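As structure tokens, the structure follows; a few thoughts come after it.
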2 protein chains.
Amino acid sequence: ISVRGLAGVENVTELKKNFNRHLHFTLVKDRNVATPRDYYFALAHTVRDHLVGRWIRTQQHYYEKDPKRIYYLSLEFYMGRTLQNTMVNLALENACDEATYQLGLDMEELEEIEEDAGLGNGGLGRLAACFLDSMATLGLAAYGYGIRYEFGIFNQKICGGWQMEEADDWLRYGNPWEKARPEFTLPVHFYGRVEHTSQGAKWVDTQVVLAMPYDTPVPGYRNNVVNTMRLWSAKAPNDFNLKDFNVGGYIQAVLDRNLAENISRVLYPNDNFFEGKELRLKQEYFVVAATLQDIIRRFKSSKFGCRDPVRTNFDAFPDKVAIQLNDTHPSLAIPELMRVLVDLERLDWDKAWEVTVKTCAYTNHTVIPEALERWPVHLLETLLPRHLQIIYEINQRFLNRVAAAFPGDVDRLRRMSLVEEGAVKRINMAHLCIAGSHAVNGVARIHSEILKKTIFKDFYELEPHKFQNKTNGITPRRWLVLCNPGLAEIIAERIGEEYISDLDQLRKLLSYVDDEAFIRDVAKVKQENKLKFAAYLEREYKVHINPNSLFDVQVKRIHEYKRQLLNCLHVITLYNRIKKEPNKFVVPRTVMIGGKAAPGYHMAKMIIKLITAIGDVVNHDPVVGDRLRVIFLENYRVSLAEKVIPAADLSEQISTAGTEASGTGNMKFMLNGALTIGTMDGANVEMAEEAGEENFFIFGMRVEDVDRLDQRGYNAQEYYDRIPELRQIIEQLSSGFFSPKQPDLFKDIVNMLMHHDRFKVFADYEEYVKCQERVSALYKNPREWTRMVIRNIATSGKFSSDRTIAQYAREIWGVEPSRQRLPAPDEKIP
Amino acid sequence: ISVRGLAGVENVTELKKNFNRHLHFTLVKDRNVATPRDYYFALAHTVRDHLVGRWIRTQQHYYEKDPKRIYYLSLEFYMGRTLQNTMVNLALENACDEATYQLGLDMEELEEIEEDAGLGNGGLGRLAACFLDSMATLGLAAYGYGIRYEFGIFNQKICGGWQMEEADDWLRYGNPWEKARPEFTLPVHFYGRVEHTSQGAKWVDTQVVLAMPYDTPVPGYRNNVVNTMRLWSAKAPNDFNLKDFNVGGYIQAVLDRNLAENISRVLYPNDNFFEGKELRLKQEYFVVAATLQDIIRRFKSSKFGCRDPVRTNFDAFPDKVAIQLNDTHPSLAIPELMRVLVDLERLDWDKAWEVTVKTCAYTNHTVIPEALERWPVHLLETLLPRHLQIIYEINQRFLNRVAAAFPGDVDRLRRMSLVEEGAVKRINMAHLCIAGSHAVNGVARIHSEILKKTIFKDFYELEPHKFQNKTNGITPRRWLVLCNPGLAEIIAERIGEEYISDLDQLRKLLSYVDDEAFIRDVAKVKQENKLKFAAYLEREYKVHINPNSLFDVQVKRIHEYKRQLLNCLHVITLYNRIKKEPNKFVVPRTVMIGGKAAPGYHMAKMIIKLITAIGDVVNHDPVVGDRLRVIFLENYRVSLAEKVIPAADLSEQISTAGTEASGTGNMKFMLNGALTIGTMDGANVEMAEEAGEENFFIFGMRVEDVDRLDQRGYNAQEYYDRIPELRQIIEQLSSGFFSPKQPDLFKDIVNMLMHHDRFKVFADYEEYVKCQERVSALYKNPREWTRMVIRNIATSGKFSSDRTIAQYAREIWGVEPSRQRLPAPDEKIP
Ligand SMILES: O=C1NC(=O)[C@@]2(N1)O[C@H](CO)[C@@H](O)[C@H](O)[C@H]2O
Ligand SMILES: O=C1NC(=O)[C@@]2(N1)O[C@H](CO)[C@@H](O)[C@H](O)[C@H]2O
Ligand SMILES: *Cc1c(COP(=O)(O)O)cnc(C)c1O
Ligand SMILES: *Cc1c(COP(=O)(O)O)cnc(C)c1O
């Protein structure tokens, strides 16, 4: 059937009876009233059974051996569905396929019923998910820590061409994967004040909110390791949230509990944008406070909570603990770790600081200013008074370090301050992270260089040793074997299965680049993939596309820096050329643009309306026929990504050079047989570098060119004046060609494009359509297109998260990865 | 061990491995980290497994045979713990006891970990629970319908002698008994307006709240019948509760969902008191609207949703459906049933009315005016506009009936109106229920007579056939076999086990009233019970009592009509007499008073403070010694009741004649070997009537005497003037003898007692202490005390809820009870 594992005789039988056990005993249903959803759960519960045994021994293992623990703190974990992924990592896919088949059910149909764990916005969230899978696969004692939002990223609906947001009630029918652990609930404080008494400061008169943990298993790839993702839920105490007496109402008191529990209710839908709302800050301290107590408790036990030197010496803390800050979101971990060590454990400042710096590491994910976290002091002052005091003290000592290093450099002092003066004082969270971490890394080579050269230049001059780079990657399991079994099978037929946990072995595919059978096969799976997606489209969304055309897709969050607008300009150009010479042949294309716009991002939502507007015109022009289709992919999410990417021919990664930190979608397309048209931005550079620029479609300004233009000054009118095709499009938008009933509908876009384009869309227009002509030319030659594809696939190995994690492990965490199978799952009951 | 069933060889082994399966696979724990709470859940899950098989066949059964369905609507279901009860009804108690013993665990210790399902306030709620158990035991196709509050009756805490209320988060660790059924969610409307168009009225522009059902199994006693209790939870739709666009905030929109979900958040803690809050009314319509849709859907299928006459003829609706209104709380079912039939199904008014009256039955539970539901018209007008219109139309037609029957009786017209004019117009829910139900019943013989003679006199004259009586009862299973296995065993040793489902057989115990061994045994279990409670007291609450004293207990909600105050006056009297003649012998007593006061009931909370105040003085007077102890039983609830009642010697049922509708606690004490000192109120009359007044301690005014006094006019000063002992107590309260630091602390009680005593406490004082002297005298003669006890126990059979239900079944529902074992639980998988 494929190498989705063995469909053993004893195990298919075993699976079937356990499916029935759960359908009866767990679901309390009988075959005569069971619906596909019930069947999905019976299976989910059956699959989940297979990894509890391993989950228990893994955790017990780490307790016995006591290795250095890795704590990945992130406010986002974009997990997606987990049934198939679990089958794949446990080698259960074929057995389950067989068993459910024998039970008369279609496994694929049941898999489609599982709701996505949308606890993320995009790249940052998904990176965390891929990292978790890799950390498990590399046998690291790692824990993912975050917030269990009851509402994930909103579900996008397109009404009249506009995006409509609606709550993602992903828990509505329950989550068979999580395990509530009420017994490990912890208290988290807010507000209050600071009392300075005799021997130390005291955080007093605080409001208490409780943190209830929920553990989700994270299985490694076929190694019997099952790590843990712990997600905190907010709960109100039953005392004060009722007991602070003297009139108000008993009923009201109980109803008001949903005020402390609002902390974990919803994920902020912002991607690469900072919103200084109090609720956000609370979510940030909430996950940090709760996680740290869990971390220290585990440390207090270790082998110190037995003997060792005997005296809670936190000197070995860094040797046993490593906490990775996914961006500045969990930044409060630094002043919180200090607070506990100093205020509660009573360590001297300097010893506590040494410990903190040595266990904390920070990862930066963007350089755009509006994405930077700068919290107003008055907010921290009211909500976390002691933390503010600690931050000021950290600042005081840090700046003294700077003054001593750069005597008389008074401007450098204000520039490096964690505290920013002005309208309202703010705290630069990024500066805090750098000062309190022993390592700061970027997510792509150019991004990392930019940090050193620009944004964090002064910090780099101060401590050059802190700055590193760790190019992002993606997990080959979900992003290849799971979403594209067809491609994975033909690759395995030639080079084996060892590449799934060793993606570098894909290079061996280079020697089949002239193999006639392979070229035919690679081309076949892509055709099968395109047909399946073309079908899904009519199935779930309804209104035809042509599977023979080039599948031009751009899927990612909607941003001005991602330049979906530049993609739009090209689409309109193609249209206009066709209307000019109707009877001239052009390579057919289906351009699919999908992504979600943050609710408050007006421009982004305007762009979505533009895309649908172009489709309205283009898709109903008889002269165009089937040569050009414009489709907006609704509710783009992880599960949707697993469907489009394997069916894509052209991947669009056209951000303005220097704005996309790394990107990961680009890698997903490269490993799945799509060719990349993009700019020398983020990881695109390392991808072209790995496959060879000849096998990549690079165009536009480099970072240097962008800066040259800024010195000069960017004037869009110039481009409007010298390019008639560009002029024609802008005047089409301005006159209502794309919005008849509302002719001025797109005035904001035009206005912006001409007067305040921060991402110089016009500047890359000419080189973009010229480059698009080159991909069309190559698509006309199926054999050469497929051969270039094989060059990309065979050369994508570097982009696996196993590589990225192995580097974090060695160069930042100080631990050694291991591909050693944990001693089976085998029963056992001590 | 007792007749808690057989501890079979094959089943104890089977139990043990399933306990281990759940501890591993369900709880995801290993013996080395498992806590008593984990062990409790493993067992709970193991026990729950045994009744799903039966649950499924019972429900399937009713679907095949299609008998008349009984729907018990109540806003309260006081269930208590359900682990032991389930073991008892499935004959699993000994097997589980053995198995857990072999696993090295104490079952009793694990049972104490289960949280109480406190979805009730007291009597009314508990009656519903006992009814459910009886309906299952009598094989009725019955369904309990209510609200799944996430916070039940508050947990009472005594701080400085004052009651402190704190949220009852009973779901904190989960509920292994319920089964969420998201797939059967239903929509419920609120607000909106009424449009009168061409062919009918339309309820329009309504706010939608969703009702998610949760089913809990209700097993019959050893008959393999497992009925269903369906509890609705409120959920916000994800559309409008987000989709009603045009600024407000996306985050805020999601946070505001907890506004529609507040409907099922908390139970109103009022007992025998009406609070016209909007949230209450919403909870009332919510449970009614959701339940009715479920009822009609089931009816639409039946055997009509196949063939029959073919044409949705609701003429057979009454023949297939019966809905019992537990008080006036679910009264809106009447106008709602009309609304659906008329507005949606399009039946003519008269046909719809005939159907409604024929399927609805109402049960009254109190005659005190402040407990009567009278909803302001402006509230119904805004929240349920169409229902108001229907109620007015019902009223219009009903009054026309009256006018025709009593021509010219204009005062009778206004008196009988469902609409009450005055300050603000109100709707008398009780009048609505009578008009729209074919049967109205009281809960005790005298209570029922009072309804006919007083409160509903005019309605009785109009339709005398509607009025009936159904004396309350309690379930012998939980209230005897479960809480008192020792007594149940010795009874079984003599007369067998058939009395558990046939309590009348207890009469056969009369012939052992002179049996020397039996007297010794009955006396022994009561002593063992008293020792166990005396131990629990020091265990969980701490500060000694004497097990040799008479256990004088009064446990029920705190009310002025229950007269805990009268009990207080007696306690103080005993104290004063002892202080007068210290060296005179008196029968030792431990008087225990427990109960909860509604948060807003100032007097009730003042009484609790008085009780603790008396204990402070009395319990620390050296001259008193161990002859008199005053103890306030904290957090009185079902699980606490299962502990005190079996250890009681004297049961206090001293309400003012004519105010306690029936009472059920009184019955619990009678079946458990306690003697009753009480008034000729509620069911006390039928109890004394059954055991013989010689075996009862009756005192005080009868209803007649109370009325005579009211004609005359009640003047408490008179009693104060003629009784020096009474005078002494009042002056002790007035001067601070019981409240040194705050001498005027009890001015409200004294003031009330002397000037506004609605329940004439002083009037029954003399006859009360005189009567108390008689019980002390008899307690001095152990052999005669025990013989009178045997007379009560042997004569309590009439008070089983099986008898009550059998009467409802035959005289109101039109169904025949059956003690036929359902065809085993046996596997089966069609
Ligand atoms: O705030 C961000 N959202 C992202 O997706 C992001 N930063 O992080 C991702 C993971 O490092 C990057 O790939 C992406 O380029 C960057 O925009
Ligand atoms: O509102 C009420 N609360 C009660 O306990 C009550 N009415 O109903 C119970 C069950 O019918 C009665 O036993 C009780 O006497 C009555 O007060
Ligand atoms: C991989 C992924 C992303 C990141 O895409 P980029 O192109 O790096 O912005 C965003 N959303 C989803 C659903 C993803 O799978
Ligand atoms: C039986 C019961 C009641 C009713 O007691 P009465 O004496 O009828 O008021 C109230 N509370 C609990 C916990 C009960 O078990």
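Residues are named by chain letter and number: chains run A, B, ... in the order of the structure tokens, numbers start at 1 in each chain, and ligands are numbered from 1 in the order shown.
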Report as a tab-separated table: every residue of chain A with an atom at most 7 Å from chain B, its closest pair of atoms, and their distance in Å to one decimal, counting only C-alpha atoms, with rows sorted by chain and ascending residue number.
```
residue	atom	partner	partner_atom	distance
A:25	CA	B:49	CA	6.3
A:28	CA	B:52	CA	6.4
A:30	CA	B:829	CA	6.7
A:31	CA	B:830	CA	6.4
A:49	CA	B:25	CA	6.3
A:52	CA	B:28	CA	6.4
A:166	CA	B:242	CA	5.9
A:167	CA	B:238	CA	5.4
A:173	CA	B:182	CA	6.0
A:182	CA	B:173	CA	6.0
A:238	CA	B:167	CA	5.4
A:239	CA	B:166	CA	6.0
A:242	CA	B:166	CA	5.9
A:243	CA	B:166	CA	6.6
A:250	CA	B:599	CA	6.7
A:254	CA	B:167	CA	6.8
A:255	CA	B:262	CA	6.8
A:262	CA	B:255	CA	6.8
A:599	CA	B:250	CA	6.7
A:829	CA	B:30	CA	6.7
A:830	CA	B:31	CA	6.4
```
Surroundings of ligand 3 up to 10 Å, based on only C-alpha atoms and all ligand atoms, as a PyMOL selection string:
chain A and resi 78-80+118+120-127+130+271+472-474+479+554-559+562+594-596+635-642+645+651-655+660-669+682-683
What separates atom CA of residue 591 of chain A and atom CA of residue 650 of chain A is a distance of 9.1 Å
Using the chain letters and numbers from this document, which residues of segment 122-359 of chain A does DSSP assign to strand (DSSP E or B), as a VMD selection string?
chain A and resid 142 to 147 151 155 to 159 162 to 166 179 to 180 186 to 190 193 to 196 201 to 204 207 to 219 226 to 235 266 321 to 326
9 Å contact set for segment 299-312 of chain B, only C-alpha atoms, chain neighbours under 4 positions out, as a VMD selection string:
chain B and resid 63 to 64 66 294 to 295 317 320 to 321 345
Next, dump the selected residues to file, keeping only N, CA and C atoms, as a compact mmCIF listing (two decimals), in the first residue's frame.
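Below is the file that was written, again.txt:
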```
# COMPACT_ATOMS: atom_id res chain seq x y z
N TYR B 63 -37.00 2.27 22.51
CA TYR B 63 -37.17 2.68 21.13
C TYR B 63 -37.97 1.63 20.36
N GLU B 64 -37.71 0.36 20.64
CA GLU B 64 -38.42 -0.72 19.97
C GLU B 64 -39.86 -0.84 20.43
N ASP B 66 -41.54 1.24 22.34
CA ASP B 66 -42.22 2.53 22.27
C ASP B 66 -43.35 2.74 23.30
N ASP B 294 -36.68 18.26 22.40
CA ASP B 294 -36.20 16.90 22.53
C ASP B 294 -37.39 15.98 22.65
N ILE B 295 -38.39 16.41 23.39
CA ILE B 295 -39.57 15.59 23.57
C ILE B 295 -40.32 15.38 22.26
N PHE B 317 -50.32 12.51 21.06
CA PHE B 317 -49.24 13.06 21.85
C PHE B 317 -49.40 12.70 23.33
N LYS B 320 -48.56 9.31 24.42
CA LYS B 320 -47.15 8.94 24.35
C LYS B 320 -46.30 9.81 25.25
N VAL B 321 -46.82 10.96 25.64
CA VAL B 321 -46.04 11.85 26.48
C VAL B 321 -46.72 12.30 27.75
N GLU B 345 -46.40 24.05 14.39
CA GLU B 345 -47.11 22.92 13.81
C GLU B 345 -48.44 23.31 13.18
```
Taking the DSSP secondary structure from the backbone, can you list the residues of segment 194-273 of chain B that are alpha helix (DSSP H), as a count of residues only?
10
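Across B:67, B:736, B:782, B:213, the tightest approach to residue 186 of chain B is made by B:213 when counting only C-alpha atoms.
Among the candidates A:796, A:399, A:192, A:783, the one nearest to residue 411 of chain A when counting only C-alpha atoms is A:399.
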12 Å contact set for segment 784-789 of chain B, only C-alpha atoms, chain neighbours under 6 positions out, as a PyMOL selection string:
chain B and resi 509-527+550+648-651+669-676+691-697+774-778+795-796
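Straight-line separation from atom CA of residue 385 of chain B to atom CA of residue 191 of chain B: 7.0 Å.
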Measure the distance from atom CA of residue 353 of chain A to atom CA of residue 442 of chain A in Å and round it to one decimal.
23.9 Å
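Proximity to residue 264 of chain A at 7 Å, evaluated using only C-alpha atoms and with sequence-adjacent residues fewer than 6 positions away removed, yields residues 147, 148, 149, 150, 233, 234 and 283 of chain A.
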Set the distance at 6 Å and use only C-alpha atoms: which residues neighbour segment 756-773 of chain A once local chain neighbours fewer than 4 positions away are removed? I'd like the list as a PyMOL selection string.
chain A and resi 561+566+656+699-700+752
Store the residues picked out above in a file with C-alpha atoms, as a PDB file, in the first residue's frame.
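Result file again35.pdb:
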```
ATOM      1  CA  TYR A 561       5.498  43.089   3.475  1.00  0.00           C
ATOM      2  CA  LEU A 566       2.709  42.488  -6.114  1.00  0.00           C
ATOM      3  CA  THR A 656      10.629  42.891   0.031  1.00  0.00           C
ATOM      4  CA  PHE A 699      14.320  38.449  -9.123  1.00  0.00           C
ATOM      5  CA  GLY A 700      14.104  41.962  -7.684  1.00  0.00           C
ATOM      6  CA  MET A 752      -0.904  53.841  -0.515  1.00  0.00           C
TER       7      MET A 752
END
```
Could you give me, as a short mmCIF file (atom, residue, chain, number, x, y, z; two decimals) with N, CA, C and O atoms, in the first residue's frame, the residues within 7 Å of residue 471 of chain A, counting only C-alpha atoms and dropping anything in the same chain fewer than 2 positions from it?
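Full text of part-v6.cif as output:
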```cif
data_model
loop_
_atom_site.label_atom_id
_atom_site.label_comp_id
_atom_site.auth_asym_id
_atom_site.auth_seq_id
_atom_site.Cartn_x
_atom_site.Cartn_y
_atom_site.Cartn_z
N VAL A 443 16.80 33.72 12.63
CA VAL A 443 16.20 32.51 12.06
C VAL A 443 16.59 32.19 10.61
O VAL A 443 16.03 31.29 9.98
N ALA A 444 17.56 32.93 10.08
CA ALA A 444 18.07 32.73 8.74
C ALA A 444 19.38 33.50 8.69
O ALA A 444 19.55 34.48 9.43
N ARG A 445 20.31 33.08 7.84
CA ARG A 445 21.61 33.74 7.76
C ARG A 445 21.60 35.24 7.54
O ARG A 445 22.31 35.97 8.25
N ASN A 469 23.19 32.21 14.79
CA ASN A 469 22.17 32.02 13.77
C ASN A 469 21.75 30.55 13.78
O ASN A 469 22.56 29.66 14.00
N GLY A 473 13.71 25.42 9.89
CA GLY A 473 13.55 24.20 9.14
C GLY A 473 12.13 23.74 9.38
O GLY A 473 11.38 24.37 10.12
N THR A 804 18.13 21.95 12.45
CA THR A 804 18.00 23.15 13.26
C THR A 804 18.10 22.83 14.74
O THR A 804 18.84 23.48 15.48
#
```
